[PDB]
Amino acid sequence: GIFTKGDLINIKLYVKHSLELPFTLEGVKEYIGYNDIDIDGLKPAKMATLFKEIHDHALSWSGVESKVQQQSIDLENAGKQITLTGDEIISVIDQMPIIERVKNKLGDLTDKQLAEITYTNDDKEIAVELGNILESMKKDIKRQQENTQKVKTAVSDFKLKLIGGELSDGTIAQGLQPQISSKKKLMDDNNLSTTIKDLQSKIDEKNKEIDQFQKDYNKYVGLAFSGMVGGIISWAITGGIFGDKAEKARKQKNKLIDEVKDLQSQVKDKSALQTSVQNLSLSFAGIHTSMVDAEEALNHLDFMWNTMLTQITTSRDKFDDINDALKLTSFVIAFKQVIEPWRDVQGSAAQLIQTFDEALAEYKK
Amino acid sequence: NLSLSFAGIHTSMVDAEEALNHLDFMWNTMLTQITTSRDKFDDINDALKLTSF
Amino acid sequence: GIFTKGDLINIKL
Amino acid sequence: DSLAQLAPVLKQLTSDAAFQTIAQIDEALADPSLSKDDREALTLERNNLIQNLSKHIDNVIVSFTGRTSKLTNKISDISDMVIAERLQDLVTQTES
Amino acid sequence: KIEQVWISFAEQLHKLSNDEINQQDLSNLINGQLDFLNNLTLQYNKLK
């Protein structure tokens with residue numbers, strides 16, 4: 001088959017690891033380990049929107065895979081019971097000679113169970129006559145297409161919510177794979193290895209001023225104690241001159257140390273920020289790696305259902321030509337054209353179910 | 001900053017430039033073909049013999 | 001046609 | 001989707017094998033000194049079935065060219081939108 | 001390159017629908033197209 005057992009694991013790996021991701025505003029905010037990046041694209045309100053899209057994308061698969069499994073069983077059961085009935089009909093008409101074949105029509109043989117050929121519907125009831133089997137099969141093929149279109153919709157809705165494009169409703173959904181690659185590109189382009197070097201330039205700049213103002217305050221206070229050796233009058237003079245400037249330089253010493261303490265606190269958080277982003281880049285890296293394997297897997301999944309939804313559809317539309325006015329040679333080639341897609345849909349579900357349950361028990365390992 | 005504002009506005013007009021030129025040329029094709037239909041149809045009168053009609 | 005659907009969008013843009 | 005909806009419809013034309021059923025009529029038409037009631041009748045459904053083969057092979061083309069021409073619309077909707085030559089002013093201004 | 005071999009097939013295929021002959025050059029002409037189409041299905045399946 002095309003959709004291998006390793007394909008179905010790669011999806012269920014992606015489903016497993018996506019449910020691990022949080023979806024609340026708080027739980028995402030804990031998972032990313034920061035508060036309010038300076039750049040826009042990594043702000044947690046965008047992020048908690050993004051994981052909630054993923055967490056809703058993961059929960060859909062339990063509905064999807066159950067729809068894939070239960071339908072493909074029915075595609076086998078209809079794929080055999082039609083093929084058992086149809087191969088018997090093409091065989092028994094070749095018992096009739098070609099000269100008598102044209103003189104008979106389809107309505108000549110809608111009267112009995114032709115050569116004990118019967119059919120069982122989807123509803124587990126039996127049908128025996130040719131005029132009743134062909135009408136029961138017409139309902140059943142019509143019933144299998146509209147089930148299959150409900151399947152292929154939910155598959156393609158699951159794929160195109162991941163990769164992106166128009167959904168079934170008409171909503172363009174941004175792809176989950178580039179939305180990871182958008183953020184992962186943002187985590188590489190960051191000034192965090194630069195601004196920390198820029199802020200440590202300014203702190204080492206402002207430390208040079210503080211280390212200079214300590215020299216000033218240790219000098220003006222030395223100057224301000226000039227007076228009272230003989231100059232009690234001069235004590236107020238130089239203390240008026242320098243004791244102001246001692247006090248003013250000390251107020252600069254008050255202000256700048258409090259700023260450097262605040263500037264160091266920005267470096268501490270941005271150093272913890274750069275660790276937080278670079279760890280988070282690896283978190284998305286696996287998530288991106290899970291989606292690339294989920295990318296390829298769904299494409300092979302969609303193409304098999306698209307093959308099956310085609311072959312059911314072209315079976316039904318050619319089967320609508322069947323009516324009692326058909327002469328009996330023209331009935332056969334028409335009806336033989338109906339069942340030839342049902343050989344492959346029987347074969348595709350057989351290639352699917354064999355490559356489905358073997359990946360289920362293997363997923364427990 | 002304002003240069004970038006006009007830059008998109010200029011970019012919108014260049015695409016609006018090419019679009020209207022194809023729009024005008026189709027209406028000019030249609031307004032021609034309606035006009036040359038009407039003026040030749042004014043030759044139609046009962047004096048026309050039936051092959052020439 | 002000549003006046004494509006992308007033309008009419010570019011005007012309405 | 002055009003790749004998936006055209007693979008099965010081609011094999012409907014290859015292994016149709018209705019000309020082989022005409023070859024069964026070909027041994028039933030000329031090879032016996034056969035009843036003209038049925039010689040006309042055997043050629044009657046044969047004339048239907050060749051026309052049914054023509055209506056088979058033409059209903060391919062409707063399903064075929066209904067997708068090919070549906071694709072040629074989509075390329076021309078892509079191949080027209082120039083986006084590089086509309087920005088070379090806008091790149092080099094910012095690049096300056 | 002793909003629009004051509006859609007149309008150049010369909011033009012050649014509608015060329016045979018003019019004569020409506022039961023030739024097996026018909027099925028030979030489908031076979032080169034059907035293999036080409038099956039070739040083109042394969043790289044999507046071997047996209048991997």
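Residues numbered from 1 in each chain as written, not as in the entry; some residues may be left out. Chains lettered and ligands numbered in written order. Part of a larger assembly, values for the part shown. Heavy atoms only, no water.

(A) Spatial organisation of the overall build of chain A. When you go through chain A residue by residue, the secondary structure sums to 9 helices and 4 strands. Of the regular secondary structure in chain A, the N- to C-terminal order runs α-α-α-α-β-β-α-β-β-α-α-α-α. Relative to its length of 365 residues, chain A is extended, with a C-alpha radius of gyration of 39 Å against a globular reference of 21 Å. Projected onto its principal axes, the C-alpha positions of chain A cover 150 × 40 × 30 Å. Across the 365 residues of chain A, 43% fall into the buried class. Contacts spanning at least 24 positions in sequence make up 73% of the contacts within chain A whose residues lie at least 6 apart. When the accessible surface of chain A is split by element, carbon and sulfur atoms take 51% of a total near 19,100 Å². (Helix = DSSP H or I, 4+ residues; strand = E, 2+ residues; numbered from the N terminus. Rg over C-alpha atoms; globule rule 2.2 N^0.38 Å. Buried < 20%, exposed > 50% of the residue type's maximum accessible area, 1.4 Å probe, protein only. Contact = heavy atoms within 4.5 Å. Areas by Shrake-Rupley, 256 points an atom, 1.4 Å probe, with all protein chains shown as cover.)

(B) Spatial organisation of helix α1 (residues 2-41) of chain B. Taking 1.5 Å of rise per residue, 40 residues should cover 58 Å, and α1(B) covers 57 Å from first to last C-alpha, within 8% of that figure. Check the buried side of α1(B) and you find it contacts α1 (5-12) of chain C together with α4 (88-95) of chain D. (Expected span 1.5 Å × (residues − 1).)

(C) Main features of the interface of chain B and chain D. Each side of the interface is counted separately: chain B has 7 residues, and chain D has 4 residues. Carbon and sulfur atoms supply 54% of the area that chain B and chain D bury against each other, a total of about 430 Å² over both sides. If you look at where chain B meets chain D, you find 1 salt bridge. Seen at the junction of chain B and chain D, the total is 2 residue pairs in polar contact. A breakdown of the residues in the side of chain B that touches chain D according to their chemical character gives 3 nonpolar, 2 polar and 2 charged. (Buried area = accessible area lost by both parts, 1.4 Å probe. Salt bridge = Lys/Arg side-chain N within 4 Å of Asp/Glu carboxyl O. Polar contact = N/O pair within 3.5 Å; in protein donor to acceptor, adjacent residues only side chain to side chain. Nonpolar A, V, L, I, M, F, W, Y, C, P; charged D, E, K, R; others polar.)

(D) Structural view of empty space enclosed by the protein. Inspection of every chain in the model, using the stated rule, returns 4 cavities of 30 Å³ or more. For the largest cavity, the lining is made up of 15 residues, of which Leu13(D), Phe19(D), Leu53(D), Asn22(E) and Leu26(E) are closest to its centre. When contributions to the lining of the largest cavity are tallied by element, the ones reaching two or more residues are α1 (7-14), α2 (18-29) and α3 (36-76) of chain D together with α2 (25-45) of chain E. Looking at the lining of the largest cavity residue by residue, the classes come out as 9 nonpolar, 5 polar and 1 charged. Within this model, the second largest cavity holds a volume of roughly 60 Å³. Around the second largest cavity, the lining residues are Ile37(A), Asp38(A), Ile39(A), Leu42(A), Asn190(A), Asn191(A), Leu192(A), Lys270(A), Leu273(A) and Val277(A). Sort the elements by how many residues they give to the lining of the second largest cavity and helix α8 (residues 232-319) of chain A lands first, with 3 residues. Counted by class, the lining of the second largest cavity contains 6 nonpolar, 2 polar and 2 charged residues. (1 Å grid on protein atoms, 1.4 Å probe; cavity = no way out; pocket = protein on both sides within 12 Å on 5 of 7 lines; lining within 4 Å. Points joined across faces, edges and corners; volume = space filled by probe spheres on them.)

(E) Looking closely at the interface of chain D and chain E. Each partner contributes to the interface: chain D provides 21 residues, whereas chain E provides 20 residues. Overall, the association of chain D and chain E removes approximately 1,900 Å² of surface from exposure, summing both partners, and the carbon and sulfur fraction of that is 81%. When the area that chain D buries against chain E is broken down by residue, the three leading residues are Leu3(D), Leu10(D) and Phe64(D), summing to 28%. Remark: the boundary between chain D and chain E carries 0 salt bridges. The interface formed by chain D and chain E holds 0 residue pairs in polar contact in total. Put simply, the parts of the chain that give the side of chain D that touches chain E at least two residues each are α1, α2 and α3 of chain D. Looking at which element gives the most residues to the side of chain D that touches chain E, the answer is α3(D), with 12 residues. Looking at the side of chain D that touches chain E, its residues break down into 14 nonpolar, 5 polar and 2 charged.

(F) Spatial organisation of a nonpolar patch on the surface. All names here are of chain A. A contiguous nonpolar patch, built from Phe225, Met228, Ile232 and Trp235 and spanning about 470 Å² of accessible area, is present on the exposed surface. Following the sequence through the fold, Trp235 ends up in helix α8. By relative accessible area, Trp235 is classed as partly exposed at 32%. (Patch = residues over 30% accessible without salt bridge, like charges linked within 9 Å, V, L, I, M, F, W, Y side chains within 5 Å.)

(G) How the structure looks around the arrangement of the chains. Contact between chain A and chain B is absent, and the minimum C-alpha spacing across the pair is 19 Å. Nowhere do chain C and chain E come into contact; their C-alpha atoms are at least 18 Å apart.

(H) Spotlight on the UniProt feature "coiled-coil region" (unreviewed entry) in chain A. The sites that UniProt annotates as "coiled-coil region" (unreviewed entry) are residues 127-154, 189-216 and 246-273 of chain A. Taken end to end, residues 246-273 of chain A is 100% helix and 0% strand, and its first and last C-alpha atoms sit 40 Å apart. (UniProt positions renumbered as here; feature names shortened; annotations may be inferred.)

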